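Listing of my_file.cif; format and content: mmCIF, C-alpha atoms and all ligand atoms.
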```cif
data_entry
#
loop_
_atom_site.label_atom_id
_atom_site.label_comp_id
_atom_site.auth_asym_id
_atom_site.auth_seq_id
_atom_site.Cartn_x
_atom_site.Cartn_y
_atom_site.Cartn_z
CA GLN A 230 -2.90 118.31 19.89
CA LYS A 231 -5.83 115.84 19.75
CA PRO A 232 -7.89 116.02 22.91
CA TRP A 233 -7.46 112.94 25.13
CA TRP A 234 -10.87 111.45 24.23
CA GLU A 235 -9.76 111.34 20.61
CA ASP A 236 -6.04 110.74 21.10
CA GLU A 237 -5.07 107.19 20.07
CA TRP A 238 -2.37 107.11 22.77
CA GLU A 239 -4.54 107.82 25.80
CA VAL A 240 -5.40 104.67 27.74
CA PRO A 241 -7.44 104.07 30.93
CA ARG A 242 -5.16 103.84 33.91
CA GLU A 243 -6.94 100.57 34.80
CA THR A 244 -5.09 98.91 31.91
CA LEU A 245 -1.81 99.22 33.79
CA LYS A 246 -0.27 97.20 36.61
CA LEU A 247 2.97 98.56 38.08
CA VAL A 248 5.16 95.68 39.22
CA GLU A 249 8.78 96.73 39.84
CA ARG A 250 10.44 100.15 40.22
CA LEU A 251 13.38 100.75 37.92
CA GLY A 252 14.17 104.27 39.05
CA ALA A 253 13.08 106.95 41.52
CA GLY A 254 13.91 110.60 41.19
CA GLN A 255 13.21 114.25 41.90
CA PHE A 256 10.52 114.39 39.21
CA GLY A 257 9.02 110.95 39.57
CA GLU A 258 9.48 107.24 39.16
CA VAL A 259 9.86 104.69 36.41
CA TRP A 260 8.37 101.25 36.86
CA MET A 261 8.32 97.98 34.97
CA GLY A 262 4.74 96.92 34.51
CA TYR A 263 2.10 95.24 32.39
CA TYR A 264 -0.49 96.58 29.96
CA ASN A 265 -3.73 94.58 29.82
CA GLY A 266 -1.99 91.91 31.86
CA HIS A 267 0.24 90.39 29.18
CA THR A 268 2.33 93.17 27.66
CA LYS A 269 5.47 94.24 29.50
CA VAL A 270 5.92 98.03 29.57
CA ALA A 271 7.90 100.82 31.27
CA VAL A 272 5.83 103.40 33.16
CA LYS A 273 7.04 106.90 33.86
CA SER A 274 5.04 108.66 36.58
CA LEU A 275 5.28 112.37 37.27
CA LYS A 276 5.71 113.54 40.85
CA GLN A 277 3.02 116.16 41.45
CA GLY A 278 4.42 119.66 41.88
CA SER A 279 7.93 118.50 40.99
CA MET A 280 7.59 119.95 37.53
CA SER A 281 5.04 121.17 35.01
CA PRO A 282 2.68 118.49 33.63
CA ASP A 283 2.91 120.21 30.22
CA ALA A 284 6.70 119.99 30.39
CA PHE A 285 6.40 116.30 31.33
CA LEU A 286 4.01 115.35 28.53
CA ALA A 287 6.01 117.36 25.98
CA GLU A 288 8.45 114.47 25.71
CA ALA A 289 5.58 112.10 24.93
CA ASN A 290 4.24 114.44 22.25
CA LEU A 291 7.65 114.53 20.55
CA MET A 292 7.88 110.72 20.68
CA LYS A 293 4.62 110.58 18.74
CA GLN A 294 6.57 112.19 15.85
CA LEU A 295 9.74 110.08 16.17
CA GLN A 296 8.87 106.42 15.69
CA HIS A 297 11.54 103.96 14.49
CA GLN A 298 12.78 100.47 15.45
CA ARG A 299 15.98 102.00 16.83
CA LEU A 300 14.19 104.42 19.17
CA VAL A 301 12.32 103.41 22.36
CA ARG A 302 8.70 103.58 21.20
CA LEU A 303 5.96 105.52 22.90
CA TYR A 304 3.23 103.15 24.03
CA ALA A 305 0.51 105.33 25.54
CA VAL A 306 -0.20 108.13 27.99
CA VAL A 307 -2.53 108.79 30.92
CA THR A 308 -2.99 112.55 30.83
CA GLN A 309 -5.35 112.80 33.84
CA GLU A 310 -3.40 113.24 37.12
CA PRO A 311 -1.32 111.32 38.21
CA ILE A 312 0.34 111.54 34.78
CA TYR A 313 2.02 108.54 33.12
CA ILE A 314 4.03 108.04 29.94
CA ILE A 315 4.14 104.37 28.99
CA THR A 316 6.83 103.04 26.68
CA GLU A 317 8.34 99.97 25.07
CA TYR A 318 10.21 97.91 27.67
CA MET A 319 13.93 97.13 27.29
CA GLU A 320 14.87 94.04 29.31
CA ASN A 321 18.62 94.58 29.68
CA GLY A 322 18.45 98.15 30.95
CA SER A 323 20.80 101.02 30.14
CA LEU A 324 23.90 100.35 28.07
CA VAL A 325 26.21 101.94 30.60
CA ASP A 326 24.88 99.43 33.17
CA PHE A 327 24.69 96.40 30.90
CA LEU A 328 28.32 96.61 29.79
CA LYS A 329 29.25 96.11 33.46
CA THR A 330 27.30 92.87 33.95
CA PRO A 331 28.88 89.40 33.48
CA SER A 332 27.23 89.22 30.04
CA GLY A 333 28.28 92.71 28.99
CA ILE A 334 31.87 92.18 30.11
CA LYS A 335 32.18 89.16 27.81
CA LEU A 336 31.07 91.00 24.68
CA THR A 337 33.58 90.95 21.85
CA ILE A 338 34.79 94.12 20.17
CA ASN A 339 32.76 92.82 17.22
CA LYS A 340 29.50 93.03 19.18
CA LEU A 341 30.43 96.41 20.68
CA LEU A 342 30.92 97.80 17.16
CA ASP A 343 27.59 96.20 16.15
CA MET A 344 25.85 98.06 18.97
CA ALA A 345 27.69 101.27 18.12
CA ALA A 346 26.34 101.04 14.56
CA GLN A 347 22.83 100.34 15.83
CA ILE A 348 23.03 103.55 17.84
CA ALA A 349 24.33 105.57 14.88
CA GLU A 350 21.50 104.08 12.84
CA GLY A 351 18.97 105.46 15.31
CA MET A 352 20.64 108.87 15.32
CA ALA A 353 20.69 108.82 11.50
CA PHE A 354 16.88 108.66 11.62
CA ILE A 355 16.71 111.52 14.12
CA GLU A 356 19.16 113.39 11.88
CA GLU A 357 17.00 112.90 8.78
CA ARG A 358 13.78 113.96 10.57
CA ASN A 359 15.34 117.32 11.49
CA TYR A 360 15.50 116.58 15.20
CA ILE A 361 18.32 116.72 17.76
CA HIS A 362 18.66 114.66 20.95
CA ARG A 363 21.03 116.69 23.16
CA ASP A 364 21.37 113.97 25.79
CA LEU A 365 23.13 111.26 23.78
CA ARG A 366 25.18 109.10 26.20
CA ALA A 367 25.47 105.44 27.18
CA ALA A 368 23.12 106.01 30.13
CA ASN A 369 20.43 106.93 27.60
CA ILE A 370 20.79 103.90 25.33
CA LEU A 371 18.64 100.90 26.31
CA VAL A 372 19.42 97.24 25.57
CA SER A 373 16.88 94.56 24.57
CA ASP A 374 16.72 90.90 25.54
CA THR A 375 18.28 90.17 22.12
CA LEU A 376 21.15 92.60 22.71
CA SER A 377 19.92 95.25 20.31
CA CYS A 378 20.13 98.92 21.29
CA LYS A 379 17.63 101.78 21.13
CA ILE A 380 17.79 105.51 21.79
CA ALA A 381 15.94 106.67 24.92
CA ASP A 382 15.23 109.75 27.08
CA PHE A 383 13.90 112.37 24.67
CA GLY A 384 13.48 114.96 27.40
CA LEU A 385 15.88 117.41 25.76
CA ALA A 386 15.10 116.35 22.19
CA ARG A 387 13.90 119.11 19.88
CA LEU A 388 12.58 119.56 16.38
CA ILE A 389 15.09 121.76 14.58
CA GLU A 390 13.27 124.21 12.30
CA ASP A 391 16.40 126.12 11.28
CA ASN A 392 19.92 124.68 11.56
CA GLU A 393 20.03 125.04 15.32
CA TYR A 394 18.48 125.28 18.82
CA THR A 395 19.70 127.87 21.35
CA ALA A 396 19.38 126.84 24.99
CA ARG A 397 18.70 129.20 27.89
CA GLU A 398 21.72 131.08 29.22
CA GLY A 399 21.24 129.33 32.54
CA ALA A 400 20.84 125.84 31.06
CA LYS A 401 23.62 123.51 32.20
CA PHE A 402 24.75 120.28 30.52
CA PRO A 403 27.16 117.38 31.17
CA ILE A 404 30.49 118.96 30.27
CA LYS A 405 32.25 115.73 29.25
CA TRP A 406 29.55 114.70 26.77
CA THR A 407 28.65 118.09 25.31
CA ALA A 408 30.17 119.80 22.27
CA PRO A 409 32.24 122.98 22.81
CA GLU A 410 29.85 125.21 20.85
CA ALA A 411 26.98 123.96 23.02
CA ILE A 412 28.75 124.48 26.34
CA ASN A 413 30.02 127.89 25.28
CA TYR A 414 27.18 129.37 23.21
CA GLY A 415 24.26 127.14 24.12
CA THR A 416 23.93 126.38 20.42
CA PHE A 417 22.91 122.80 19.57
CA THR A 418 22.80 121.11 16.17
CA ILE A 419 22.77 117.52 15.01
CA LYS A 420 26.54 118.09 14.87
CA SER A 421 26.54 118.56 18.65
CA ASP A 422 25.00 115.11 18.95
CA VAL A 423 27.75 113.77 16.70
CA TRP A 424 30.34 115.03 19.21
CA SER A 425 28.37 113.31 21.99
CA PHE A 426 28.32 110.14 19.93
CA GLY A 427 32.12 110.23 19.88
CA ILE A 428 32.16 110.32 23.68
CA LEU A 429 29.57 107.51 23.78
CA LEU A 430 31.90 105.34 21.72
CA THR A 431 34.51 105.63 24.48
CA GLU A 432 31.88 104.47 26.97
CA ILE A 433 31.23 101.45 24.78
CA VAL A 434 34.82 100.26 24.42
CA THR A 435 35.70 100.80 28.08
CA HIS A 436 32.56 98.99 29.20
CA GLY A 437 31.01 102.05 30.84
CA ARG A 438 33.98 104.03 32.14
CA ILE A 439 33.55 107.79 32.71
CA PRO A 440 35.19 109.72 29.82
CA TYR A 441 38.42 111.71 30.22
CA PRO A 442 39.85 109.49 33.00
CA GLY A 443 41.33 111.34 35.96
CA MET A 444 40.24 114.73 34.64
CA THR A 445 37.89 117.33 36.15
CA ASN A 446 35.53 119.35 33.94
CA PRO A 447 37.79 122.43 33.92
CA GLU A 448 40.72 120.24 32.87
CA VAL A 449 38.64 118.74 30.05
CA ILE A 450 37.76 122.20 28.71
CA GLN A 451 41.32 123.48 29.02
CA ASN A 452 42.76 120.47 27.19
CA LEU A 453 40.15 120.66 24.45
CA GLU A 454 40.96 124.33 23.81
CA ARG A 455 44.61 123.33 23.31
CA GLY A 456 43.57 120.96 20.54
CA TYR A 457 43.95 117.81 22.63
CA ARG A 458 41.18 115.20 22.64
CA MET A 459 40.47 112.26 24.91
CA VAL A 460 43.47 109.99 25.35
CA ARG A 461 43.18 106.64 23.54
CA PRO A 462 41.10 104.40 25.84
CA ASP A 463 42.78 101.17 26.88
CA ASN A 464 42.32 98.44 24.28
CA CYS A 465 40.51 100.76 21.89
CA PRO A 466 40.96 99.71 18.24
CA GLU A 467 42.81 102.52 16.41
CA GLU A 468 40.27 102.66 13.59
CA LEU A 469 37.52 103.31 16.12
CA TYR A 470 39.65 105.92 17.86
CA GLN A 471 40.15 107.72 14.55
CA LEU A 472 36.38 107.58 13.97
CA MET A 473 35.93 109.16 17.41
CA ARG A 474 38.35 111.92 16.42
CA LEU A 475 36.15 112.73 13.39
CA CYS A 476 33.27 113.36 15.82
CA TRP A 477 35.44 115.75 17.80
CA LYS A 478 36.61 118.07 15.03
CA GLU A 479 36.72 121.79 15.91
CA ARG A 480 34.16 123.00 13.40
CA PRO A 481 30.69 121.45 13.68
CA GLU A 482 30.34 121.41 9.91
CA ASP A 483 33.51 119.27 9.59
CA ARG A 484 32.06 116.48 11.74
CA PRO A 485 30.52 113.55 9.82
CA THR A 486 26.83 112.76 9.39
CA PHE A 487 25.30 109.94 11.42
CA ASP A 488 24.57 108.01 8.24
CA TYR A 489 28.30 108.11 7.47
CA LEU A 490 29.11 106.94 10.99
CA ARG A 491 26.58 104.13 10.61
CA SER A 492 28.09 103.03 7.29
CA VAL A 493 31.62 102.96 8.68
CA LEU A 494 30.73 101.17 11.92
CA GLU A 495 28.83 98.58 9.86
CA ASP A 496 31.98 97.97 7.81
CA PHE A 497 34.04 97.73 11.01
CA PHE A 498 31.55 95.16 12.31
CA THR A 499 31.36 92.98 9.22
CA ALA A 500 35.15 93.03 9.05
CA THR A 501 35.58 91.74 12.63
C1 LIG B 1 18.02 102.20 33.27
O1 LIG B 1 17.74 101.03 34.07
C2 LIG B 1 16.91 99.99 33.62
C3 LIG B 1 15.98 100.10 32.56
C4 LIG B 1 15.14 98.97 32.21
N1 LIG B 1 14.17 98.96 31.20
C5 LIG B 1 13.54 100.04 30.61
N2 LIG B 1 12.85 99.85 29.44
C6 LIG B 1 12.25 100.91 28.84
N3 LIG B 1 12.31 102.16 29.38
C7 LIG B 1 13.03 102.40 30.60
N4 LIG B 1 13.24 103.67 31.22
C8 LIG B 1 12.85 104.81 30.61
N5 LIG B 1 12.13 104.90 29.32
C9 LIG B 1 11.87 106.08 28.66
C10 LIG B 1 11.21 107.22 29.31
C11 LIG B 1 10.93 108.40 28.54
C12 LIG B 1 11.35 108.35 27.14
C13 LIG B 1 12.01 107.26 26.47
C14 LIG B 1 12.27 106.10 27.27
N6 LIG B 1 13.17 105.88 31.35
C15 LIG B 1 13.82 105.48 32.52
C16 LIG B 1 14.38 106.18 33.69
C17 LIG B 1 14.99 105.43 34.77
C18 LIG B 1 15.06 103.97 34.75
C19 LIG B 1 14.50 103.27 33.59
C20 LIG B 1 13.88 104.01 32.47
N7 LIG B 1 13.63 101.29 31.18
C21 LIG B 1 15.21 97.76 32.90
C22 LIG B 1 16.13 97.62 33.96
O2 LIG B 1 16.28 96.48 34.73
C23 LIG B 1 15.47 95.32 34.46
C24 LIG B 1 16.95 98.74 34.29
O3 LIG B 1 17.88 98.67 35.30
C25 LIG B 1 17.31 98.89 36.58
#
```

As structure tokens - that is how I would like this structure written.
Ligand SMILES: COc1cc(Nc2ncnc(-n3c(Nc4ccccc4)nc4ccccc43)n2)cc(OC)c1OC
Amino acid sequence: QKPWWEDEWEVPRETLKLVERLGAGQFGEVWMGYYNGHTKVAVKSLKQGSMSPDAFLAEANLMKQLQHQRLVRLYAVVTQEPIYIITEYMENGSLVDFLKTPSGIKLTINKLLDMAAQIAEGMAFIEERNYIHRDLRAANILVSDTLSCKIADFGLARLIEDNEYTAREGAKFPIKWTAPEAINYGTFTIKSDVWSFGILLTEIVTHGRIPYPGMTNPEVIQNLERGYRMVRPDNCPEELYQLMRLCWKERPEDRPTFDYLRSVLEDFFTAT
């Protein structure tokens, strides 16, 4: 990697003004702020000792390789402690949160499908660049002031050199959003993301409801093994439900590509 004095992303910390905190956690905080006074940005600060600085910055390095309108763009980094990762700011927050606001609640199925396609479009890019996300869920999709969506949180994202990535035996993941093969064997592929996308679609149409209503994780796994899939969400268009089912097919290879998903959702949108 280019040393910081030559890296185009490194910026003097003096260029940043942290204004409002958007999140506080075990490993640090995320603030809304301004770059050189006029440009609104999001600033991720690492909590010293909470985790490795190399681990922290690794997400930024990957984002240098994955630039696209549909993905939250890396803005800059401050690699001298305290460490910051600065990114493009999304005014309407996370999708899971937005869909619960007065504005979000009033969205038509037409606009929900539009957003769904925007998300598949972003994943199609990730798909084509030989990467995987692994944390695809409504909570990790950000919404702009113009109601456009972008993929966020690349913490678990990985460049796939061969067909898959194998996680650590101890690695744990959200059971309801993760593909069977991934939960069982720790094997992740772009097809695992496709399964997650299916779950995300249920989050979209139910305006942020937790998937598999009234079911615990063990119940979800048991039902899946029987061949059952999530029950049709209330008011979920059947065509969308059947698209979801494609994402949840038993064999990873039988699941569709994200480009296919994008194409279909775009047809669903232009039809409504
Ligand atoms: C979710 O909640 C919100 C988010 C945002 N806006 C925003 N815009 C860009 N990035 C992040 N943002 C990022 N960006 C991020 C970090 C690393 C890689 C890729 C993207 N990581 C985050 C972790 C925790 C909270 C915000 C984050 N947040 C604005 C909100 O209200 C006005 C809001 O509701 C409070």

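If you count only C-alpha atoms and ignore residues fewer than 6 places along the chain from segment 337-347 of chain A, what sits within 7 Å of it is residues 377, 378, 430, 433, 434, 491, 494, 495, 497, 498 and 501 of chain A.
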
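Ranking A:291, A:240, A:319, A:300 by their shortest atom-to-atom distance to ligand LIG 1 (chain B), with only C-alpha atoms and all ligand atoms included, puts A:319 first.
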
Check: Looking at A:316, A:486, A:445, A:407, which one is nearest to ligand LIG 1 (chain B), with distances taken over all atoms listed in the file?
Finding: A:316

Near residue 301 of chain A, counting only C-alpha atoms, which residues have an atom at most 6 Å away, once you skip same-chain residues fewer than 3 positions from it, shown as a short mmCIF file (atom, residue, chain, number, x, y, z; two decimals) with C-alpha atoms, in the coordinates of the input?
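Result written to out01.cif:
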```cif
data_model
loop_
_atom_site.label_atom_id
_atom_site.label_comp_id
_atom_site.auth_asym_id
_atom_site.auth_seq_id
_atom_site.Cartn_x
_atom_site.Cartn_y
_atom_site.Cartn_z
CA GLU A 317 8.34 99.97 25.07
CA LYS A 379 17.63 101.78 21.13
CA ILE A 380 17.79 105.51 21.79
CA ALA A 381 15.94 106.67 24.92
#
```

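The two atoms in question, atom CA of residue 450 of chain A and atom CA of residue 255 of chain A, are spaced 29.0 Å apart.
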
Counting all atoms listed in the file, which protein, DNA or RNA residues come within 8 Å of ligand LIG 1 (chain B), given as a compact mmCIF listing (two decimals) with C-alpha atoms, in the frame of the given file?
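Resulting contents of pocket.txt:
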```txt
# COMPACT_ATOMS: atom_id res chain seq x y z
CA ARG A 250 10.44 100.15 40.22
CA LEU A 251 13.38 100.75 37.92
CA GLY A 252 14.17 104.27 39.05
CA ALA A 253 13.08 106.95 41.52
CA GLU A 258 9.48 107.24 39.16
CA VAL A 259 9.86 104.69 36.41
CA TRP A 260 8.37 101.25 36.86
CA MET A 261 8.32 97.98 34.97
CA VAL A 270 5.92 98.03 29.57
CA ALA A 271 7.90 100.82 31.27
CA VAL A 272 5.83 103.40 33.16
CA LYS A 273 7.04 106.90 33.86
CA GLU A 288 8.45 114.47 25.71
CA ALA A 289 5.58 112.10 24.93
CA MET A 292 7.88 110.72 20.68
CA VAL A 301 12.32 103.41 22.36
CA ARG A 302 8.70 103.58 21.20
CA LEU A 303 5.96 105.52 22.90
CA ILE A 314 4.03 108.04 29.94
CA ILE A 315 4.14 104.37 28.99
CA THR A 316 6.83 103.04 26.68
CA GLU A 317 8.34 99.97 25.07
CA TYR A 318 10.21 97.91 27.67
CA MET A 319 13.93 97.13 27.29
CA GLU A 320 14.87 94.04 29.31
CA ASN A 321 18.62 94.58 29.68
CA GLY A 322 18.45 98.15 30.95
CA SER A 323 20.80 101.02 30.14
CA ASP A 326 24.88 99.43 33.17
CA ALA A 368 23.12 106.01 30.13
CA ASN A 369 20.43 106.93 27.60
CA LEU A 371 18.64 100.90 26.31
CA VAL A 372 19.42 97.24 25.57
CA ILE A 380 17.79 105.51 21.79
CA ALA A 381 15.94 106.67 24.92
CA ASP A 382 15.23 109.75 27.08
CA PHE A 383 13.90 112.37 24.67
CA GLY A 384 13.48 114.96 27.40
```

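Between atom CA of residue 361 of chain A and atom CA of residue 479 of chain A the separation is 19.2 Å.
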
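Comparing the minimum interatomic distances between residue 429 of chain A and each of A:475, A:396, A:348, A:401, counting all atoms listed in the file, we find that A:348 sits nearest.
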
Check: By how many Å are atom CA of residue 482 of chain A and atom CA of residue 413 of chain A apart?
Finding: 16.7 Å

Checklist line | residue 477 of chain A environment, 12 Å, only C-alpha atoms, sequence neighbours closer than 3 positions dropped, as a VMD selection string | finding: chain A and resid 405 to 410 420 to 430 453 to 454 456 to 459 470 to 474 480 to 485

Item checked: For residue 395 of chain A, the nearest of the candidates A:493, A:416, A:376, A:411, counting only C-alpha atoms -> A:416
